[PDB]
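Form deposited in one PDB entry, single chain, as structure tokens, below.
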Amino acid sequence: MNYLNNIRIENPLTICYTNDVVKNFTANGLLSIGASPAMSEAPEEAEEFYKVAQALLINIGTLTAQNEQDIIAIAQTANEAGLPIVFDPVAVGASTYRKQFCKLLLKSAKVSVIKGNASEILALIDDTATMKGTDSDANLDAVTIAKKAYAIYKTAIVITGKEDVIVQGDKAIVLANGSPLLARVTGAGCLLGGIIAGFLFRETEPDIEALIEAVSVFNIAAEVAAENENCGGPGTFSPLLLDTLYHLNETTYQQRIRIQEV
């Protein structure tokens, strides 16, 4: 629990350009770990905000025409500022609109972490038309998808699922913490993207240990919240998750973390 202590003490300003369903929950989850969220979407204030921020999250869950040019512009402003970007290509596999936009974004800017579920990351890389020799209709595992994506974008890849996978440089790790109740809370994965942004501390090429810790804090909090005697389902789980992020300590972290290399 190294980096979480620093979040709690430093209160990193974490800019979130995220979807309209999850803004409150993402901001609350960032506040619970001690970060300082700001949902700023105006390009007119990006240069000022970004100079003093520690990371930017771009999540395209409710992407519309209102957002497209602005997201590209701020991504470029983040690059120029040296502000690391976490990119969550929500539902990219569901439409050509989203596929085209994500391709455009990742041709326009260097991001620092790309985070999605297996189907999202597979759709990204399938659309690239680069993966000569790979059958995409075959049942590719998340580790394989993550390493292929890493080869394409040379950017840390985080694939969420029953087990989570992180690939950064030549290290790949698999994490096995969490709760099924997380899929039953709409902001959960989207919040994770914001939590990962919270752990970056302005590092454009984050250490894999930061990413391991971000994902593990979230998932272990979830596991603990779901065990709480007052957790009665996905509704009461959400407040308990935030409480459990707020209170998570090193002892619980170390006792619960389930990680495997390769």
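All residue numbers are counted from 1 along the displayed sequence. Take the two forms, find the largest set of C-alpha atoms that superpose within 1.5 Å, and that set is the rigid core.
There is another form of this protein, the form deposited in another entry, and it is not shown here; the text below is about that form.
- Core superposition between the shown form and the other one leaves every listed residue (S119, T186, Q76, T130) with a C-alpha shift below 2 angstroms except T130.
- In the core-superposed comparison between the shown form and the other one, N139 has its Cα shifted by at least 2 Å.
- Between this form and the other one, the CA-CA gap for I71 and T128 widens by 3 Å or more, being larger in that other deposited form.
- The pair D137 and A118 is at least 3 angstroms closer at the CA level in that other deposited form than in the present model.
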